[PDB]
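Have a look at the structure below before the remarks.
Protein chains in written order, with the deposited numbering: chain O, 16 to 26, 34 to 223, 234 to 290, 297 to 305; chain B, 829 to 877.
Shown next as structure tokens:
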């Protein structure tokens with residue numbers, strides 16, 4: 016967000039007194055040959071460099087930052103830029119003209135948090151979930167305490183699938199997405215229909241089934257035993273996921289050999 | 829009866845140039861010679877007739 020300001024403005035002096043002096047490597051005999059007008063319009067630069075006025079540049083180094091995180095929309099950085107320039111062209115001083123400098127050489131460096139924001143989704147995945155888990159009932163359900171293993175598999179899923187896995191709080195009911203596409207929106211305040219079977223050995237509306245199928249991959253010997261339903265189903269969903277991988281590769285193979299066809303004797 | 833040829837040379841809409849370079853030619857702008865009296869804050873004074 017700065018070199019995009021460098022690569023939007025500011026067309034050096036070492037590179038100029040490295041060429042006039044003929045200290046380059048590839049073609050030293052470069053500056054000598056130019057017309058004796060250029061060679062007298064580049065020698066009086068690396069002999070008495072001309073000052074500059076950097077405000078615009080680093081101000082453009084701030085706009086290109088805002089509009090890349092999300093404030094000032096892409097189409098408004100022609101009013102924001104003028105407004106910022108005129109503000110910093112009023113109150114300017116070594117005061118502000120520096121306070122910028124720090125802002126521009128910190129905003130491009132203090133981007134690690136932003137990177138973190140999208141590397142553990144600690145923006146709407148764990149802060150939301152670790153909020154929703156605090157809206158759950160007490161952590162002592164009656165039947166079993168396979169509860170905690172499931173509720174931890176949920177956190178692991180949300181933390182190890184950065185894709186989007188956003189956890190909205192679309193009003194009273196917090197709902198889990200499986201991707202920004204969102205074609206597996208399962209309601210996470212509607213598994214207070216699993217605070218039923220948390221411990222037993234057709235009452236699951238697929239919404240609950242959707243959550244089970246969504247996390248299952250991330251369950252191993254955790255939700256465990258023959259803890260009824262919740263146990264097996266998870267195991268059966270994992271088995272079905274493996275079989276689905278098998279059938280996926282099989283169908284690609286059988287359609288690369290060559297119409298419903300494979301879809302029948304696969305499904 | 830006898831002839832004493834006269835002879836002219838109309839030219840209209842054209843401004844005689846005298847371009848100022850060496851090979852009185854045109855190899856650019858900031859033309860050769862000009863380029864010399866560039867930097868040198870030198871000063872001169874024509875006087876054509």
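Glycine residues also receive a C-beta, built at the ideal position from the N, C-alpha and C atoms.
Residue environment, residue i, which counts as buried when at least 16 other CB atoms sit within 10 Å
i: residue 197(O); result: buried
i: residue 837(B); result: exposed
i: residue 34(O); result: exposed
i: residue 25(O); result: exposed
i: residue 80(O); result: buried
i: residue 82(O); result: buried
i: residue 154(O); result: buried
i: residue 194(O); result: exposed
i: residue 219(O); result: buried
i: residue 86(O); result: buried
i: residue 278(O); result: exposed
i: residue 873(B); result: exposed
i: residue 867(B); result: exposed
i: residue 103(O); result: buried
i: residue 106(O); result: buried
i: residue 127(O); result: exposed
i: residue 273(O); result: exposed
i: residue 143(O); result: buried
Minimum Cβ-Cβ distance from residue i to chain O less than 7 Å
i: residue 832(B); result: no
i: residue 874(B); result: no
i: residue 866(B); result: yes
i: residue 861(B); result: no
i: residue 858(B); result: yes
Residue i - DSSP class collapsed to helix/strand/coil
i: residue 197(O); result: strand
i: residue 874(B); result: coil
i: residue 261(O); result: coil
i: residue 169(O); result: helix
i: residue 864(B); result: helix
i: residue 151(O); result: helix
i: residue 86(O); result: helix
i: residue 209(O); result: strand
Contact set for residue i: own chain, Cβ-Cβ below 6 Å, skip 5 residues either direction
i: residue 53(O); result: 41 and 42
i: residue 88(O); result: 94
Distance cut-off 6 Å: residue i Cβ against heavy atoms of the ligand FMN
i: residue 91(O); result: The ligand FMN is not among the ligands present in this structure, which contains no ligands whatsoever.
Close-in-space but distant-in-sequence residues of the same chain around residue i (CB under 7 Å, 5 per side omitted)
i: residue 860(B); result: 849 and 850
i: residue 217(O); result: 159 and 163
i: residue 202(O); result: 186
i: residue 71(O); result: 35
i: residue 65(O); result: 42
i: residue 165(O); result: 220, 221 and 222
i: residue 110(O); result: 77, 81, 118 and 122
i: residue 266(O); result: 244, 248, 251 and 255
Other residues of its chain near residue i: CB distance less than 8 Å, five sequence neighbours each side excluded
i: residue 854(B); result: 847
i: residue 256(O); result: 168, 171 and 263
i: residue 246(O); result: 179, 198, 200, 206 and 208
i: residue 213(O); result: 239, 240 and 243
i: residue 190(O); result: 146, 150, 196, 197 and 199
i: residue 50(O); result: 44
Closer than 7 Å to chain B by CB, residue i
i: residue 55(O); result: no
i: residue 59(O); result: yes
i: residue 139(O); result: no
Requested in this report: List in chain order: all unbroken alpha helix (DSSP H) runs of 4+ residues lying wholly within the region 91-125 of chain O.
Outcome: If we require 4 residues or more, the alpha helix (DSSP H) runs fully inside the region 91-125 of chain O come out as 102-110.
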